[PDB]
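Written out below as structure tokens is the structure these notes cover.
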Amino acid sequence: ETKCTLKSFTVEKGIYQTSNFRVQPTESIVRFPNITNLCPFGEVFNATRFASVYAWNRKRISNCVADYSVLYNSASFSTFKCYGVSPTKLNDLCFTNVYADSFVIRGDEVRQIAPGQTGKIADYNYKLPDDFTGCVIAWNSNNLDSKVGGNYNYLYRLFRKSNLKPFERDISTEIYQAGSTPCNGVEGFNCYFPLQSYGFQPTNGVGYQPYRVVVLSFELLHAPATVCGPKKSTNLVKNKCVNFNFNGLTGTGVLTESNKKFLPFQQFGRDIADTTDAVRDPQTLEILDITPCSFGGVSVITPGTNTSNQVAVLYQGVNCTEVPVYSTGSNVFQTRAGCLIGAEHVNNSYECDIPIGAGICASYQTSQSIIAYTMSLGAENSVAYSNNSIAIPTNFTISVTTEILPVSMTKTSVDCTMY
Amino acid sequence: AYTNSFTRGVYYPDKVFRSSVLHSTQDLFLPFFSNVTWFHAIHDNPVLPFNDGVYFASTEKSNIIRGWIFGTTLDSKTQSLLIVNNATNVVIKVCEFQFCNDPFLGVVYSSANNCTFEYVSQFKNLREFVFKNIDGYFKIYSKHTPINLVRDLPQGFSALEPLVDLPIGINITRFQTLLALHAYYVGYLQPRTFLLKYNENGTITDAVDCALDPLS
Amino acid sequence: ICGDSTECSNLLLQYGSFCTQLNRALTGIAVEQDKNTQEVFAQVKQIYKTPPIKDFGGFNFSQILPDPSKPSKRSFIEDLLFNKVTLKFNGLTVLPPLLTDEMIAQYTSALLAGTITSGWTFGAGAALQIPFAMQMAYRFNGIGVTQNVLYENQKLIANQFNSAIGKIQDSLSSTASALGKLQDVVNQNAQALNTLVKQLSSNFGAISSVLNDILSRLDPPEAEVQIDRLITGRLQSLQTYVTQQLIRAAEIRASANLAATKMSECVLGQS
Amino acid sequence: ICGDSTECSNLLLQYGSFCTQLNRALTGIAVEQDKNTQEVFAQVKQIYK
Amino acid sequence: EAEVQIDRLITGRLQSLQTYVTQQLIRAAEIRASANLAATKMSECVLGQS
Ligand SMILES: *[C@@H]1O[C@H](CO)[C@@H](O[C@@H]2O[C@H](CO)[C@@H](O)[C@H](O)[C@H]2NC(C)=O)[C@H](O)[C@H]1NC(C)=O
Ligand SMILES: *[C@@H]1O[C@H](CO)[C@@H](O[C@@H]2O[C@H](CO)[C@@H](O)[C@H](O)[C@H]2NC(C)=O)[C@H](O)[C@H]1NC(C)=O
Ligand SMILES: *[C@@H]1O[C@H](CO)[C@@H](O[C@@H]2O[C@H](CO)[C@@H](O)[C@H](O)[C@H]2NC(C)=O)[C@H](O)[C@H]1NC(C)=O
Ligand SMILES: *[C@@H]1O[C@H](CO)[C@@H](O[C@@H]2O[C@H](CO)[C@@H](O)[C@H](O)[C@H]2NC(C)=O)[C@H](O)[C@H]1NC(C)=O
Ligand SMILES: *[C@@H]1O[C@H](CO)[C@@H](O[C@@H]2O[C@H](CO)[C@@H](O)[C@H](O)[C@H]2NC(C)=O)[C@H](O)[C@H]1NC(C)=O
Ligand SMILES: *[C@@H]1O[C@H](CO)[C@@H](O[C@@H]2O[C@H](CO)[C@@H](O)[C@H](O)[C@H]2NC(C)=O)[C@H](O)[C@H]1NC(C)=O
Ligand SMILES: *[C@@H]1O[C@H](CO)[C@@H](O[C@@H]2O[C@H](CO)[C@@H](O)[C@H](O)[C@H]2NC(C)=O)[C@H](O)[C@H]1NC(C)=O
Ligand SMILES: *[C@@H]1O[C@H](CO)[C@@H](O)[C@H](O)[C@H]1NC(C)=O
Ligand SMILES: *[C@@H]1O[C@H](CO)[C@@H](O)[C@H](O)[C@H]1NC(C)=O
Ligand SMILES: *[C@@H]1O[C@H](CO)[C@@H](O)[C@H](O)[C@H]1NC(C)=O
Ligand SMILES: *[C@@H]1O[C@H](CO)[C@@H](O)[C@H](O)[C@H]1NC(C)=O
Ligand SMILES: *[C@@H]1O[C@H](CO)[C@@H](O)[C@H](O)[C@H]1NC(C)=O
Ligand SMILES: *[C@@H]1O[C@H](CO)[C@@H](O)[C@H](O)[C@H]1NC(C)=O
């Protein structure tokens, strides 16, 4: 690593920085509000009676937390196919509101409910707009409609030349007599009732069995979100590097117990620069502290490739109990500036060679090993000062010393347009 | 008559705990040393403009000042809010009511056409309220604790904490108080800049304006 | 810049090798600070010790010499100075200095014991013992006042010096705000670091200042554009901080060179 | 940068707080020049004639 | 679109060149200070006695 960083095949005695290490995370945790208001969908699908196709029933629903996965896996439906929206993702979307349309159709009219389609009820009873609708759910109802249902309680409208606009109900019961020239040239005759009855019999087939049908249309991005899908949760752990959510505020760190006191209305504290420091979860309503996971750069102390081929590894500013060959290694020496591994420790003290920090340094100088010691400021002596004693030199030596001072450097110019 | 608002009208803007930090905020508040239109409805509730959230006050500790009616037409044409009390709890409904000339309330109801939402919740004592509206969120703050710093005047320093937040999303430009059958300040809010000092427990203890005096 | 995100690292690795430059500059200034302290303080080749008995012709140095009673072996004025002046989130670290406080105190005590017992001869060879009075005689002879003056008015000089040192101790103890320069240096460093970490939460023209939400909210096609804007803003801010640090380091280096010259000239000799 | 504009100030305040440190540095160098002149020239306590 | 690509190249290279010239100015100032110290030492310790 040192050779890669220095980009050379020879290195000199000293300390170098190679890279940095960061503790890897672990399993994630997610928390969410404790209770969820269940949307009353039992009265929608398990309804006593559904009106006729020309007078189908409306419902507006919002401010709900309803799970659709618990309904998709249900096999009590003749057909459950949805348009443009993946049902498996319905738990990860939020909508302004939802509109439910309930009615009952015949067995062979299932294909008539689709955008851009042609048919009697498709264009004259309920026209689906030329855009995305939520989707249609249909299920058999011969148990409750083809056996004990009303003989003519279910009706359709055989009124033509009045192609209805999308989301339009014409419940006006008017006898269809034109009263003008284009009906046998007579007024009053050719009068046919706009409505007609379904023909159903006990076990009459497949295309005549009445089917209960609900059409769901979701309004998206038209207003602030009001209805959303429920989200699961999990348990928590302590004293481990974890990535967490806590109701929306994702972050990585280690969890601890805190003594801080929140007022009954805050959500999460901080200290400065948006750095979250304390969070409180809804299920337990307990305040807890967040501490960033440990990290830091590593360094290598080497005596030079020319001399030998052994190094000592220093981790900077980390409690060396959890560093994870260098997972157990040689004698770990924890100092004030991290921990040093690969070198021995002595109580002796000599001159400093390769500075490290915190008043200690490592070298091989006072067998064939690196030793880290506490540097010594120099020799030690005392002079016997007394009030009537003097010391006068008698011999002298002249010496020569050398000093080097730079005075100049290279003069360069850089072209602008060419470069 | 008119009254001078010494220091009233500072509240918690967000829901973030803080400790021993001098935090500068840029949010619409009540300017210090402002004018408030004191009313004397004793032996009269005129109509007032809304103008992006209002202060409110009172000083009577009995069951007279009960209801708030909000809206822009005060008719069944447009939905009208209604906040009242029946000695135990509070109802909030965005359903439509018809006009009331002299409604009477205390321990009015005209029509319920297009009723869509419902909500149920829980020296004298002065009850401060602040009504705010931001992007379809209607916020109501409250304070029910008085300070006897001076007599006959509400001088001192106090904060306000949110209690009701509603994601209804309607635009209101008119509001009236309601009484029974047989005295409150009003102020407006402006987008000023404030500096807030938090106590060791996270409670506001001192607020200073940023656009009042050179020393400020 | 990235905060452990794959796409941020992928986008960042194509901008070149500026990080090598930033790390090299920071390591250079750190080594410069270490060598600067080493040069300003390490000026002796031994560590002298004062004799157990003290009779300096009437003077009283008890308030300057190190006190063994204190665990740090620091004199009274040192304690007053330390008690007077007062002062790892997202990838920032503070390395510890090479020389701790105890070795600095030992160096200062060595310098002071050498300048008391020996005078100026301990800076030009081997230290030579010399009585204190016959050192003030030489120092007076230096400035043109003949040495006859000192031996005739020794008690007055001792009393004046003791009164002056008591006065200076009282002035340090009572009047504060006499240590402005160090306080300003520390405050400027803290303010620069604090504003650098504050600049991280700014929007910088993107949709939001949080990278995880902006990556998980939209599809890549505009996500790389938003991430690019955030990256370039943060990089420019970091560059500004580095330049400020370089300027301040150069200024401190000049001041410390002046201090080293003053110490080497006035302490070890006569000016 | 803006010159008496409304939205330009809105975009400018979104970029952070550069102007704070810019003005701080400029005021610092101004005060430094003042102290510099005072220190180089004012070297006596009395005035002689 | 070629102009967009050329714009990106230009802004990147301009930033790099600015950084280089700033570093160069700092180094030049430091060397000038050292040279002034050397000139003082030469003029004082050689032509006379210190
Ligand atoms: C209509 O009722 C049936 C019967 O209750 C519901 O089917 C599930 O029935 C089991 C056993 O009775 C219950 O434990 C489940 O809770 C029922 N499902 C749900 C989603 O509640 C059926 O779901 C009902 N139809 C609805 C709710 O639309
Ligand atoms: C949040 O929901 C959980 C689970 O329903 C509640 O935890 C239970 O609370 C009851 C209270 O009597 C205890 O008897 C149970 O032992 C608890 N179970 C667990 C697994 O902790 C909790 O009380 C709810 N908290 C709130 C504020 O609603
Ligand atoms: C590394 O962490 C350990 C904790 O596992 C620290 O151990 C401490 O040891 C002292 C002395 O016995 C105890 O008084 C503390 O209570 C221990 N800490 C804890 C959290 O219990 C150890 O000191 C740490 N190392 C460094 C260098 O900080
Ligand atoms: C001058 O005399 C003093 C005291 O007699 C000497 O100091 C001691 O000398 C002896 C020599 O046997 C050493 O063992 C002691 O360690 C010295 N004491 C101290 C405190 O260092 C001093 O060495 C003499 N000077 C010379 C040049 O001989
Ligand atoms: C001062 O020291 C010098 C050497 O540092 C002494 O000169 C040496 O004297 C011895 C004995 O006569 C010779 O063997 C050496 O060859 C000499 N060395 C040199 C370099 O000339 C000198 O004698 C000493 N003077 C006194 C007065 O002690
Ligand atoms: C902050 O909250 C605490 C506890 O809720 C309040 O209680 C005081 O806490 C301090 C600190 O330990 C104690 O010295 C007092 O004796 C406590 N007083 C009482 C009556 O319990 C405290 O009053 C709140 N405010 C402040 C400023 O601390
Ligand atoms: C030298 O000065 C010290 C000042 O620290 C003197 O110590 C003080 O002496 C007075 C007089 O008795 C006491 O009241 C103080 O409590 C002492 N201070 C300390 C810190 O001990 C010391 O007496 C002086 N000695 C000489 C010989 O002048
Ligand atoms: C290796 O180091 C030794 C001692 O420092 C030296 O004598 C020798 O020349 C060095 N070898 C090389 C190839 O530099
Ligand atoms: C230093 O001495 C102490 C005390 O005897 C001992 O416990 C310790 O192991 C010694 N250190 C080494 C490196 O031998
Ligand atoms: C309201 O403002 C007017 C000036 O416009 C002032 O004269 C009056 O005193 C104010 N009312 C108060 C302070 O109650
Ligand atoms: C008002 O009184 C009626 C009478 O019982 C009660 O139903 C209603 O709940 C009261 N108001 C509120 C807000 O609860
Ligand atoms: C109720 O509101 C709806 C809007 O969704 C409107 O179509 C209808 O006419 C309203 N009802 C009355 C009686 O005004
Ligand atoms: C806002 O007010 C306008 C009237 O100016 C109204 O048309 C609009 O519906 C209001 N918006 C909401 C969300 O109520």
Checklist entry - In this structure, is A:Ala343 away from chain C (no Cβ under 14 Å), on the phi < 0 side of the Ramachandran plot and not charged (D, E, K, R)? => result yes
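Do any strands (runs of 3 or more DSSP E) entirely within the range A:238-286 hold 1 or more residues that are within 14 Å of chain B (Cβ to nearest Cβ) and away from ligand 5 (no atom under 16 Å from the Cβ), and if so, which?
Details: elements: A:241-244, A:251-257, A:268-270, A:276-280.
By residue number, A:268-270, A:276-280.
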Item to check | Boolean, A:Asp281 is surrounded by fewer than 17 Cβ atoms within 10 Å (Cβ to Cβ) and under 38 Å from the mean Cα position of the chain (by Cα) | outcome: no
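Listed here are the residues, each with its yes/no results for (1) within 16 Å of the chain's Cα centre (by Cα); (2) more than 13 Å from chain D (Cβ to nearest Cβ); (3) basic (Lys, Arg); (4) within 21 Å of D:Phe18 (Cα to Cα).
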position	(1), (2), (3), (4)
C:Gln191	no, no, no, yes
C:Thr195	no, no, no, yes
C:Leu200	no, no, no, yes
C:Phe204	no, no, no, yes
C:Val210	no, yes, no, yes
C:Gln270	no, yes, no, no
Checklist outcome for this item: Every listed condition ((1) within 16 Å of ligand 3 (Cβ to nearest atom); (2) more than 36 Å from the chain's Cα centre (by Cα)) holds for A:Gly296 save (2)
Item to check | Residues of the range B:107-139 satisfying the condition of being within 12 Å of chain A (Cβ to nearest Cβ), assigned to a loop (DSSP other than H, G, I, E, B) and surrounded by fewer than 14 Cβ atoms within 10 Å (Cβ to Cβ) | outcome: B:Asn114, B:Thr116, B:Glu118, B:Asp135, B:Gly136
Checklist entry - Under the condition of being over 14 Å from the mean Cα position of the chain (by Cα) and of a type in the set (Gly, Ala, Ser), which residue from the range B:55-88 is farthest from ligand 12 (Cβ to nearest atom)? => result B:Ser62
Next on the checklist: Just to verify a result, which residue in the range A:301-335, among those that are touching a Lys or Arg at 6+ places or on another chain (Cβ under 8 Å) and over 18 Å from A:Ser19 (Cα atoms), is farthest from the other protein chains (Cβ to nearest Cβ)?
Outcome noted: A:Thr307
Next on the checklist: Just to be sure before I move on: is A:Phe246 buried (at least 16 other Cβ atoms within 10 Å of the Cβ) and on the phi > 0 side of the Ramachandran plot in the structure I sent?
Outcome noted: yes
Item to check | B:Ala57 being crowded, with 19+ Cβ neighbours inside 10 Å, away from every other protein chain (no Cβ under 14 Å) and within 16 Å of ligand 10 (Cβ to nearest atom) | outcome: yes
Checklist entry - Since C:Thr6 meets every condition but one in (1) loosely packed, with under 13 Cβ neighbours inside 10 Å; (2) within 13 Å of chain A (Cβ to nearest Cβ); (3) β-branched (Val, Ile, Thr), which condition does it not meet? => result (2)
Next on the checklist: Looking at the structure I just gave you, is A:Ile29 buried (at least 16 other Cβ atoms within 10 Å of the Cβ) and either closer than 30 Å to A:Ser217 by Cα or within 14 Å of chain C (Cβ to nearest Cβ) (or both)?
Outcome noted: no
Checklist entry - Residues in the range A:298-309: is at least one of a type in the set (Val, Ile, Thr), surrounded by 17 or more Cβ atoms within 10 Å (Cβ to Cβ) and under 29 Å from A:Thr256 (Cβ atoms)? => result yes
Checklist outcome for this item: Scanning the range B:1-54 for residues that are surrounded by 15 or more Cβ atoms within 10 Å (Cβ to Cβ) and aromatic (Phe, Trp, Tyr), the one farthest from the chain's Cα centre (by Cα) turns out to be B:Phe17
Item to check | the range C:118-145 - residue that is among the β-branched types (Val, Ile, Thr) and within 19 Å of C:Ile157 (Cα to Cα) and, of those, farthest from the other protein chains (Cβ to nearest Cβ) | outcome: C:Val145
Checklist entry - Among the candidates B:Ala207, B:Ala183, which residue alone is surrounded by 18 or more Cβ atoms within 10 Å (Cβ to Cβ), away from ligand 8 (no atom under 16 Å from the Cβ), more than 11 Å from chain A (Cβ to nearest Cβ) and among the small types (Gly, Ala, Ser)? => result B:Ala207
Next on the checklist: List the residue pairs whose Cβ atoms are under 8 Å apart, where the first residue sits in the range A:256-272 and is crowded, with 17+ Cβ neighbours inside 10 Å, the second is among the small types (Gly, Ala, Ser) and part of a loop (DSSP other than H, G, I, E, B), and the two are 6 or more positions apart or on different chains.
Outcome noted: A:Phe262/B:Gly202; A:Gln266/B:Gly202; A:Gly269/B:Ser19; A:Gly269/B:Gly202
Checklist entry - Could we say that E:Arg13 is under 18 Å from C:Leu246 (Cβ atoms) and at the interface with chain A (Cβ under 9 Å from one of its Cβ atoms) here? => result no
Checklist entry - When you go through (1) under 30 Å from B:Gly202 (Cβ atoms); (2) out of contact with any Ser or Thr (no Cβ under 6 Å at 6 or more places or on another chain); (3) more than 14 Å from chain A (Cβ to nearest Cβ) one by one for B:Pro49, which number turns out not to apply? => result (1)
Checklist entry - C:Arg74 passes all but one of (1) surrounded by 15 or more Cβ atoms within 10 Å (Cβ to Cβ); (2) in a helix (DSSP H, G or I); (3) more than 10 Å from every other protein chain (Cβ to nearest Cβ); which number fails? => result (2)
Checklist entry - Do any strands (runs of 3 or more DSSP E) lying entirely in the range B:169-215 carry at least 2 residues that are away from ligand 6 (no atom under 16 Å from the Cβ) and within 30 Å of A:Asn63 (Cα to Cα), and which ones are they? => result B:175-177
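Virtual Cβ from ideal backbone geometry, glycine too; neighbours counted across all protein chains shown. Where a number appears in this text, it was derived from the coordinates with a stated rule and is not lab data.
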